[PDB]
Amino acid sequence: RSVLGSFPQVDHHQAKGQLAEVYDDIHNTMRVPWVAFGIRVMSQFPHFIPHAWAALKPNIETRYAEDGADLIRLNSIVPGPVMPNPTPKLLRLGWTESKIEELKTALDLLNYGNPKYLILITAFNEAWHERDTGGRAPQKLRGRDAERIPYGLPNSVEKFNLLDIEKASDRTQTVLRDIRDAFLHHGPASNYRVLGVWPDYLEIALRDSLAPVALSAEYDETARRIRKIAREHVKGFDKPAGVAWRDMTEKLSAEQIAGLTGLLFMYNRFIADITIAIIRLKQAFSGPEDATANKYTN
């Protein structure tokens, strides 16, 4: 038996018809090279993802929301131990400059997307429990807060290809398991199914950047802070940015509403954790300013 199985989810290859249009819409609207592990997972359920998406789209494409994602990114740094650069270790292991740059680009794209997915999940979750995710403030978004960000991926950014966990080496399987378990999580992030093709780096990543802050006051407090930024930000939305489970009782079964309720709560924690995590990795290379910069939609 594998150290690590594969979690229940509609894979990117599995998304058919109406659903595969949505995965694209997500890519393009959010200018992100992957669909979130949680979206993939929540998509097995009929109706929900497509409907919640349709009600989130108009709100997440704005410069307003992008400014929110920037607040998340900006404050996602952990008041933690100081970390050594991984660069010398990669060179001595014989990595090319060029290869390391490919890693840092990966990290950079990941750190662009995660915070937007923090906005995303906060919308979906809060709306599910009929709490404030839009159309409540007296003052609508005005001036350029309401402008739309560019559609599609940034020039020279392709969609990621996530590694197939079944086919992967023991080494890769294990480091991912380890990173999952260090944080008490359910699965490997899409983040790590991208970063996993470099198990040797992740092993160093885990020892130098993530294991020493995992489960700590400082780390969870930094999750609390960014979740709060996300939760306050979404009330600025012009119209509600998700569906409410009470409006879904013709669409989902009692069992299903249950499942989705837990799934949403879980992913609202997972995404925050992962956001912090990967920024911290790119902090080990460069520093807190470069690591939390918006490098894509300016």
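Quick note: we count residues from 1 along the sequence shown, nothing fancier.
The stretch with the higher mean CA B factor, choosing between 265-273 and 252-260, is 252-260. For the segment pair 116-124 and 140-148, the entry gives 140-148 the higher mean B-factor, averaged over Cα atoms. The residue among 224, 177, 185, 167 whose C-alpha carries the highest B-factor in the deposited model is 167.
If you compare the C-alpha temperature factors of 202, 110, 213, 90 in the entry, 90 comes out highest. Residue 61: CA B factor in the middle third of modelled residues in this chain (values from the PDB entry). Ranked against the other modelled residues of its chain, the C-alpha B-factor of residue 40 as given in the entry falls in the middle third. Ranked against the other modelled residues of its chain, the C-alpha B-factor of residue 18 as given in the entry falls in the highest third. Per-chain ranking of the deposited C-alpha B factor places residue 154 in the highest third. Sort the chain's modelled residues by C-alpha temperature factor and residue 240 lands in the highest third, per the entry.
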